[PDB]
Every structure is written in structure tokens, then in C-alpha cells.
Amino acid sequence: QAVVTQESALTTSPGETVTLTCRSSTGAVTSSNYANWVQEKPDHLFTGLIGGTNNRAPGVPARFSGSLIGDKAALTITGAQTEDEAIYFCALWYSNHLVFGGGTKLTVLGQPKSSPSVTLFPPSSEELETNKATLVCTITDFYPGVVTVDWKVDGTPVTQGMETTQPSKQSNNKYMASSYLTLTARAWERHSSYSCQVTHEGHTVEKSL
């Protein structure tokens, strides 16, 4: 089908105005796409915000408004509040079927930016005695809670055997995540260096063994 594209993440501050966008892979977003918006708050609390491009649903605050901007649909929050921190999904109708966008995580800032604290652990002796080797990359104290992880072996980019957790909130309202690189014992011995690289707010923090 068509593919619907949203920002992966966006940042705003209390009282600011932020616009979220929702693009269609087929061309301009038309009024015949009848653009919907859905807000997801923690614990699967969903609220239908917008129908028919710009009809705000009963009960939804007036600061929410939908519209078309150029060739795409959009959701504008005029005077963002703390409670507006959520994931916003858009959805487009293509005559006989519906497609959701990937969603946009909206952070409403409540503390200064914080870069990820990164630690990388080697496989233990006892794990190697099963002829397996797991490299553990712990990532903590970053804000906003959005990170990309990339691994390397002797400088070359790794493409297989990586598992990474969704960023989860800390008690100090910063975020944490973990990434695991799973190998055989021999494969870990073959190489001189392994590295975990975290991308956050346009900057990379990296650790190597």
C-alpha cells in the first residue's frame, strides 16, 4: 500500500507552538485522505484527536488543530502543555483502506538536555564456556529519550546479531536503554576491537574494547 511518514521525534517547550507533519508516499495529501490523528499516552491511553483533516473531536482541547500544509497533513499544538507529551499517530484513507504513519514522539521539555552515559561490557568467562559471547552496551541518563545504536568490529559496521531495547524512563525522568551484540566465542576472539556507538541529539558517544 501507500506509506505514511511522520517525524520520528520532536521537541517542544511549555507554551511553545509545534507542528507535526504527515506525508503520503503517493503524492500530495488530499482532503480525500480524510487525515486522522491519534494521541497515545503511557499505559495504552489513546485519544482520537482529529478527523477529516481538521475536525477536532469532542472533548479535545482547542490548542490542537489539524490542517493541510503544502503537500502534507499536519497537527499543530498552539500553547503546548506538559500533558501533551505523547506519541502522535496520523492515518490516511486511500478510498478503501487506511494507513497509519510511524508516529511522532513529542517530548515537552522539563529538564536540560542530557547526553548518554555509555558503558560496554565484555563477555564473561562463564559465558565463553558455552562457546557464546554477548557484548552488553548500557546507555543511561539521556534526555530526550531518543537514541540510535550502532556497533562496530575492528572499525567495520556490524549488521547482524544486534538487539536493542526501547528507551525507558528513569526515576530522574531521564532515559535508559541497552544494546546486546551476540556472537560465538571464536568470533569474539577473531577480532581486536568491538565498539558501541550511541547517537543522541546529533552527537555520537562511543565505547570500545
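Throughout, we count residues from 1 along the sequence that is shown.
Looking at 1 to 9 and 200 to 208 together, the entry lists the larger mean B-factor for 200 to 208, computed on C-alpha atoms.
The mean C-alpha temperature factor is higher for 122 to 130 when 122 to 130 and 90 to 98 are set side by side. In the PDB entry, the Cα temperature factor peaks, among 31, 39, 26, 148, at 31. In the PDB entry, the Cα temperature factor peaks, among 47, 156, 67, 55, at 156. In the PDB entry, a CA B factor belonging to the highest third of its chain's modelled residues is recorded for residue 162.
Among all modelled residues in this chain, the alpha-carbon of residue 17 has a temperature factor (C-alpha) in the middle third. In the deposited entry, the Cα temperature factor of residue 136 sits in the top third of values across the chain's modelled residues. For residue 176, the recorded CA B-factor ranks within the lowest third of the chain. Only modelled residues enter the ranking.
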